[PDB]
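> Mind looking over this structure? Questions follow.
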Amino acid sequence: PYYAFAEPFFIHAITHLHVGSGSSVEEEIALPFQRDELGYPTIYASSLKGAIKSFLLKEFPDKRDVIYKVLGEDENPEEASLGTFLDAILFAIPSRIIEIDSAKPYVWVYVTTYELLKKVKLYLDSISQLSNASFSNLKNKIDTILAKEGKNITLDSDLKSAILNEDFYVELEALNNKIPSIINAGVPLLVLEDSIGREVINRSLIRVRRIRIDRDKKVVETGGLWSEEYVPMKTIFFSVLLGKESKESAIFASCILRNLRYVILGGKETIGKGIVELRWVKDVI
Amino acid sequence: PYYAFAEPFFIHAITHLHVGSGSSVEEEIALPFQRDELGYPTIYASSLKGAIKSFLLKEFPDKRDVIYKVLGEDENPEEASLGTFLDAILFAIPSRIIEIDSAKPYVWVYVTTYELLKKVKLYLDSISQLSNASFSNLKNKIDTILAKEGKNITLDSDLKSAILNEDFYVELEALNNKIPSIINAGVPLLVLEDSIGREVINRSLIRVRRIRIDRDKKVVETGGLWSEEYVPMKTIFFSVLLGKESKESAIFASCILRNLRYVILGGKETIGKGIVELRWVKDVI
Amino acid sequence: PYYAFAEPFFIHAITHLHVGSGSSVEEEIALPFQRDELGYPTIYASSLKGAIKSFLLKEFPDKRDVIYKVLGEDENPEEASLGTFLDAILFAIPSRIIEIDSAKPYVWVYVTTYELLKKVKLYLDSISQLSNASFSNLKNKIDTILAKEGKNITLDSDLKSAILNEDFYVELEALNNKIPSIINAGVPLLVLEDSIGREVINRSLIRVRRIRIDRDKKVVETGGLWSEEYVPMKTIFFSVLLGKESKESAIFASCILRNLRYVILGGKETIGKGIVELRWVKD
Amino acid sequence: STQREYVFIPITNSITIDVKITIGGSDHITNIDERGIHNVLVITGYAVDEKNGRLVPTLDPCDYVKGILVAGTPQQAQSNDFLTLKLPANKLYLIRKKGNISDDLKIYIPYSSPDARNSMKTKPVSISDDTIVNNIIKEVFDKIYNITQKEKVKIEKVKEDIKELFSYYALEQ
Amino acid sequence: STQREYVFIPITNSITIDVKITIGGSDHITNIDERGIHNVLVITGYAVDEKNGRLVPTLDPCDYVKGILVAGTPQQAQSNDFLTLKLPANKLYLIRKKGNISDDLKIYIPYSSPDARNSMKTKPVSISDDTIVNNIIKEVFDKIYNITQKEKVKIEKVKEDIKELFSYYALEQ
Amino acid sequence: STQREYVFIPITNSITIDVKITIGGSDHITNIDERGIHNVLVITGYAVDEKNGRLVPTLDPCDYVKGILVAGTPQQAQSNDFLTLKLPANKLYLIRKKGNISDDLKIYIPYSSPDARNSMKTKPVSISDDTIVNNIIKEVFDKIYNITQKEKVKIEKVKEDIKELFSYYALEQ
Amino acid sequence: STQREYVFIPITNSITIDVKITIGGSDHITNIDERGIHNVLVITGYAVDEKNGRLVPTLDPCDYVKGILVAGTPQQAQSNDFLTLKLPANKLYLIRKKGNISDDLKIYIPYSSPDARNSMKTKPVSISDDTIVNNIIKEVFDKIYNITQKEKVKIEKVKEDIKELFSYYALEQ
Amino acid sequence: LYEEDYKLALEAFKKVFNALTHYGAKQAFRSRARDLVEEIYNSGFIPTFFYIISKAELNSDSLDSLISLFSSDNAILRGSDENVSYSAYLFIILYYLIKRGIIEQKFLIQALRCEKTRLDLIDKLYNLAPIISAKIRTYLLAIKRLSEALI
């Protein structure tokens with residue numbers, strides 16, 4: 001196998017999360033979110049790797065060599081890194097719901113689309129060949145959902161209709177009499193047609209005006225006003241951590257990745273953004 | 001037959017890929033993608049060959065002599081390689097779409113231009129003579145598409161109007177609504193005129209600001225900031241693998257080239273760039 | 001007799017080409033192309049003949065004696081070859097065009113200078129009214145074009161202005177009203193002033209860096225970095241094959257040269273850098 | 001177990017009488033699904049011997065024979081003249097891999113012996129003479145896939161793909 | 001005259017008593033010429049039945065058996081379990097060629113019928129465990145090539161070369 | 001159904017009486033597409049008599065006969081002297097190619113037994129004196145060309161290309 | 001044959017006599033080559049013991065001991081309290097590799113049974129207190145590598161790499 | 001073709017390094033240098049120009065605290081945040097535009113003097129945007145590399 005270990009994980013936003021794209025002047029917002037190729041939020045694996053590596057380097061100040069061997073040196077790289085992060089795909093975004101046709105009161109709900117699922121399936125198909133690992137449970141869950149393309153569906157309920165993010169009516173169907181869903185949060189997961197899902201997911205992001213106040217006259221500074229975009233808390237991204245055969249790769253996959261639960265992604269880490277929970281697919285599915 | 005076997009294949013990007021340009025050209029991007037003679041992104045077959053060979057020397061550790069024969073010895077060469085790689089032509093790039101009057105909308109579509117199709121037809125016609133391999137299907141389909149040269153067309157689907165990559169309104173003609181998929185995917189193929197196609201394709205590329213951060217003080221290290229160009233997921237390149245009669249070429253064309261499905265191209269693979277899938281044309285037509 | 005008949009042909013690049021010359025220039029490239037006297041990319045006749053002879057020996061192994069007679073013999077080379085190739089001279093190179101005008105969309109264009117066309121006319125005048133094959137129309141076209149030397153001329157177009165290779169503004173002007181195209185690829189030709197034309201051309205060439213990676217730790221080996229220079233795809237060269245009267249020269253021209261579209265020129269063929277389509281000026 | 005049998009497609013006079021059970025049940029590896037044929041099997045290292053057309057085992061990787069994989073049996077009594085074997089159905093060398101493969105399969109192959117009297121000089125020959133194409137669509141492609149003329153007025157597709165795909169190396173001896 | 005026979009090289013013992021003509025003539029195509037084992041033969045689509053080591057025809061081009069060609073004839077207590085084949089000697093798949101060869105040939109390869117009541121899953125086997133390398137040198141490379149242990153001084157080199165040159169696929173069934 | 005009777009193109013005035021049916025099939029290979037003539041068949045190793053002009057040949061390959069290839073069935077009392085033969089339509093020396101051909105044709109060639117008296121001496125016949133080419137347009141460039149004088153207004157184009165391109169060989173006897 | 005014993009490097013004192021001699025193996029695997037130490041072994045899933053410290057086998061992959069591998073054998077017919085094992089040397093967790101090794105080794109590990117009385121809770125320990133690193137120089141590094149002070153003048157170049165190259169998990173109990 | 005642009009930068013620039021002092025909107029200029037360039041060709045010239053003039057303080061202060069550069073000396077351009085440190089950049093681009101005859105002074109000087117002709121000044125820049133973008137490229141990369149090295 002090309003890779004020794006292949007660890008898919010879910011990234012769960014504890015607080016809100018902000019990984020910046022860097023600003024342009026065709027922008028509409030001063031600090032936008034890293035975007036997919038098809039226009040969904042994403043976490044570039046450069047951000048993932050840098051954040052997680054910074055975390056590990058001070059959380060495990062004794063496995064330093066194992067981290068530098070799997071996640072690459074910092075001072076004088078005389079060798080590639082055996083570890084590989086894939087780009088975090090948006091798996092599901094929390095969405096407000098006003099559920100007609102249900103006495104089961106949900107305030108929010110998880111929303112995903114078929115395109116995001118296709119992307120997760122591509123990740124799983126590729127890393128299935130390039131490694132000894134297999135994810136037949138996850139792969140078959142994803143496949144049985146994807147078989148239902150063309151119609152909006154719900155997984156952990158029987159809503160039959162809803163109003164998402166205050167504007168978008170949907171008419172759902174039930175998946176094969178309660179197909180057990182990937183995540184476990186007692187809240188339904190809806191899989192929308194990507195046309196609708198695009199707008200729903202756009203309405204699910206958080207835009208926030210911030211300002212800057214002069215330090216001695218309690219009035220706004222000139223230019224100190226801007227907007228800013230977050231991905232909500234309770235948002236789920238799907239990534240994979242791939243490693244190439246080595247001694248240090250085994251110590252990494254067996255000692256370090258078993259003590260990684262909470263890490264700090266993104267920026268704005270003083271507004272309390274970017275606390276996040278990594279949940280490994282192997283021990284949660 | 002100058003060539004014993006002719007293996008045209010597609011290169012479906014699985015993640016975003018980054019094959020870097022070698023050039024003293026001062027560009028805007030610090031690390032641009034490789035460009036063909038029309039400024040479109042391409043993969044120099046130097047890079048194809050190096051990567052595919054480095055992969056094969058590991059996937060098949062027993063057949064290293066067959067590989068060293070078809071792709072050349074490494075450190076002390078006595079002979080010319082028997083296999084040739086053609087440069088990878090861009091064939092289709094994904095672009096976000098907004099449609100006006102559909103039945104079930106799309107959110108992204110495949111974009112190709114007529115110049116790329118002409119380069120592909122050049123490859124096919126050139127290789128139909130240096131081999132016994134007559135690709136009637138590809139050639140006739142691409143000829144029917146090239147008949148409509150100079151008019152944006154949707155190959156199969158019925159769109160008639162679109163907004164590609166959030167900026168470019170385009171009118172569209174059905175080819176005839178009577179032509180199969182060039183590749184059996186679920187997304188329509190837009191063959192654009194070349195002037196608008198250039199802009200659309202440049203919009204589909206992914207420029208990415210990246211930084212380096214002082215581990216001590218979580219602030220950008222001086223100098224640690226650069227931009228970096230990627231090609232999106234689901235991008236399709238086109239290339240051909242060609243070999244001469246060797247009896248190491250019959251093996252290569254029958255054992256090695258039937259177990260290549262996923263390879264890592266380009267660089268930036270520690271951050272997930274490069275995973276790609278090969279789709280041998282003889283199969284996918 | 002003694003070069004009775006001749007065959008001029010176009011060398012159309014199907015892939016990039018790299019006919020190498022060692023490190024034979026003072027540029028920053030380490031593996032440059034074969035250069036003309038004017039620093040333009042050329043294909044020596046030695047290379048062209050050697051490649052074509054090798055290809056023909058492979059793909060016509062029964063005609064080995066005819067091919068030996070026309071192009072030479074390995075041993076017993078005491079029998080002069082009755083066929084010869086001239087140096088292939090750059091006739092037109094594709095260039096990226098950002099056009100401002102004409103309402104017609106173009107993204108690449110063919111580009112020449114007047115030095116190139118001068119050498120092409122030199123090759124062409126030295127054949128027609130001397131040999132007997134008659135294709136005077138091409139020579140008349142090249143003379144009509146050479147009339148306007150000293151100003152960026154567009155050919156078969158309505159452009160009037162363009163950015164060439166993302167870096168050069170040029171102001172064009174049609175020739176008289178209209179003229180048959182010298183190439184048959186339906187793309188405009190531009191003949192440029194010999195000074196801006198060569199900047200455009202030397203920006204149309206592909207100059208890549210290349211790397212040898214340490215096979216285990218996936219890094220570049222020390223000093224495993226160099227540069228190469230490819231003539232771009234769709235480039236056109238021009239050469240002539242001159243035949244001395246003989247019988248097996250007729251066999252050459254009949255059985256062989258009438259089934260030569262594609263051959264492999266130059267080197268770096270595993271990169272795919274040699275495929276070429278030969279178009280004879282006989283259609 | 002699933003029991004398939006390999007028939008091959010030379011222009012020669014051998015395909016006429018090979019098999020009895022075209023399907024029997026509902027089993028077939030090679031399929032024809034509006035994209036032409038699928039899961040064509042290639043057997044490298046062998047060559048067709050038109051004189052009693054079968055696969056003569058040479059040791060030439062450059063030699064190969066292509067053909068159809070169908071569920072059946074040799075004449076209900078033969079395989080005293082065939083080479084039979086059962087593989088995990090992934091060790092195969094299939095062309096246009098589209099559909100299903102049951103992860104285990106046993107194949108009967110028309111087979112002959114080397115019989116070292118002549119040098120086994122093999123020469124490539126591809127399908128031409130499209131009336132041979134016609135009566136081979138008649139011979140095997142009617143009976144084995146009786147969807148023939150039933151899902152395609154585009155017969156021409158599965159007509160041209162034969163000349164496109166079914167190459168082989170005969171012995172010409 | 002030109003009548004060779006191929007002897008597989010596993011890390012099991014179906015090794016010595018397979019032939020009794022060591023040379024018969026004075027030549028061997030696979031000739032140890034004091035600069036490596038040259039003209040080794042590679043057969044594709046075949047694996048060794050390690051129990052009673054013999055080549056079994058699979059249909060996997062990824063399955064190959066490597067061994068040497070020697071001048072001889074098999075043992076004359078045998079010869080219904082060998083593929084007596086006559087080849088134009090370019091059809092061979094030789095590796096590490098040193099000279100050119102007889103330009104026509106007659107080869108006897110140790111055969112074994114597929115045993116089609118089972119699935120033929122195959123595994124690659126290298127050659128290590130030098131306790132096999134020793135009695136490889138002895139049981140074949142001294143008998144067939146008396147030149148060894150008699151003239152050579154880099155017996156260690158040809159040891160390393162069979163260790164890094166002879167690999168094969170075994171049925172393991 | 002279609003078959004083409006090669007009709008030589010000399011400046012010599014014997015093309016007057018050699019054809020009865022003008023159309024034959026529905027396809028015409030030798031084209032007049034406002035850029036020149038097309039697919040004019042050249043005949044190597046042949047010549048033409050200057051008395052009773054037909055393709056009485058040499059065998060020397062430096063001698064060639066240009067001529068039109070167009071469908072015809074001459075007189076039903078000849079073609080036993082206008083040589084009947086069948087071609088795979090890929091062995092044809094065709095200058096000014098612009099299409100793909102049926103890979104199958106029937107060619108009838110004016111040709112008879114050369115002589116038994118004199119040795120055949122050769123000379124290349126060229127064209128001049130535009131009135132000759134005008135007579136060429138008169139003779140069969142309407143008799144069988146049902147296209148001339150209606151759309152191809154570039155009559156001078158055909159004039160010049162015929163008068164300058166068509167060189168052939170003859171005996172001058 | 002060659003044998004090495006995994007002599008560890010703690011900050012405590014159990015490393016005076018962990019050997020018989022500096023003799024017995026092929027050579028010292030762990031080298032000291034004027035850049036610092038090279039080829040340090042790292043035993044995972046083991047913890048140094050409070051007193052008479054040896055390798056207690058926990059099952060925690062986050063526990064490790066870093067030690068030097070030297071050519072020798074332990075304490076005159078001991079090793080009822082050692083782990084002895086032959087290893088292909090591609091299974092050795094070696095940090096700071098510089099050269100290459102025997103590709104086969106006999107390794108002695110000072111080892112105890114876990115003593116399942118107290119909860120094996122271990123603590124990460126680092127080599128500090130230069131009055132300990134000088135002790136480790138004199139008592140073991142000087143002896144086993146007299147190359148110290150008989151090759152160089154810079155022993156501080158390894159007094160630092162002792163700080164940065166040997167951390168370990170002690171049982172703390 | 002472009003070999004005096006490197007000479008033009010010295011007496012066009014004239015100061016965007018030293019008298020841009022306080023290192024905030026002095027060093028920030030490099031963001032102009034890199035980003036705008038990638039902005040000017042990925043997104044176009046006119047979007048970047050609209051952005052630049054947005055940050056302009058075009059009253060007379062950021063209309064003469066720059067047209068004074070045509071004539072006299074180094075202009076310490078403190079002012080405020082990058083609006084005078086931004087109108088020097090408008091000056092840079094227009095200086096290239098005047099010294100290379102893409103637009104003349106008699107129009108430019110007249111275009112920035114009525115607020116009736118600013119609009120068609122920009123409307124004319126819009127038509128010259130392809131040519132302008134092509135031509136300034138090296139002249140801009142010049143000061144971008146100047147910034148990398150010196151600024």
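So you can find residues: chains in the structure tokens are A, B, ... in the order shown, residues in each start at 1, and ligands are numbered from 1 in order.
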Least-squares fit chain F onto chain E by Cα, in order, and just send back the RMSD.
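Between chain E and chain F, the C-alpha RMSD is 1.2 Å.
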> What's the 12 Å shell around residue H:140, counting only C-alpha atoms, without same-chain residues fewer than 5 positions away, as a ChimeraX atom specification?
/B:26-28 /H:2,5-6,8-9,12-13,30,32-38,40-41,89,92-93,95-96,132-135,145-147
> Could you pull out the residues in stretch 53-164 of chain D that DSSP calls alpha helix (DSSP H) from the backbone, as a ChimeraX atom specification?
/D:130-136,143,155-164
> Residues at most 8 Å from residue D:84, counting only C-alpha atoms, excluding those fewer than 5 positions away in the same chain, as a JSON list (two decimals) with N, CA and C atoms, in the first residue's frame?

[["chain", "number", "residue", "atom", "x", "y", "z"],
["D", 79, "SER", "N", -13.65, -30.87, -22.53],
["D", 79, "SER", "CA", -12.60, -30.48, -21.59],
["D", 79, "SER", "C", -11.60, -31.62, -21.45],
["D", 106, "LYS", "N", -14.59, -20.06, -12.69],
["D", 106, "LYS", "CA", -13.88, -21.16, -13.34],
["D", 106, "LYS", "C", -14.17, -21.07, -14.83],
["D", 107, "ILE", "N", -13.11, -21.09, -15.64],
["D", 107, "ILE", "CA", -13.21, -20.81, -17.06],
["D", 107, "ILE", "C", -12.73, -22.01, -17.85],
["D", 108, "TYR", "N", -13.46, -22.35, -18.90],
["D", 108, "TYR", "CA", -13.00, -23.30, -19.90],
["D", 108, "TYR", "C", -12.47, -22.54, -21.10],
["D", 109, "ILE", "N", -11.31, -22.97, -21.60],
["D", 109, "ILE", "CA", -10.63, -22.29, -22.69],
["D", 109, "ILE", "C", -10.34, -23.28, -23.81],
["E", 114, "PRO", "N", -3.93, -27.38, -14.40],
["E", 114, "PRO", "CA", -4.44, -26.38, -13.44],
["E", 114, "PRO", "C", -5.09, -26.95, -12.19],
["E", 115, "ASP", "N", -5.60, -28.18, -12.22],
["E", 115, "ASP", "CA", -6.36, -28.75, -11.10],
["E", 115, "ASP", "C", -7.57, -27.86, -10.79],
["E", 116, "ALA", "N", -8.50, -27.86, -11.74],
["E", 116, "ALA", "CA", -9.59, -26.90, -11.80],
["E", 116, "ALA", "C", -10.71, -27.17, -10.80]]
> Quick one: pick out all strand (DSSP E) residues within stretch 59-216 of chain B from a backbone DSSP run and write them as a VMD selection string.
chain B and resid 83 to 85 89 to 99 108 to 113 153 to 154 161 to 164 168 to 171 173 to 174 189 to 192 206 to 213
> Calculate how many Å separate atom CA of residue F:24 from atom CA of residue F:142, rounding to one decimal.
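Interatomic distance, atom CA of residue F:24 to atom CA of residue F:142: 15.0 Å.
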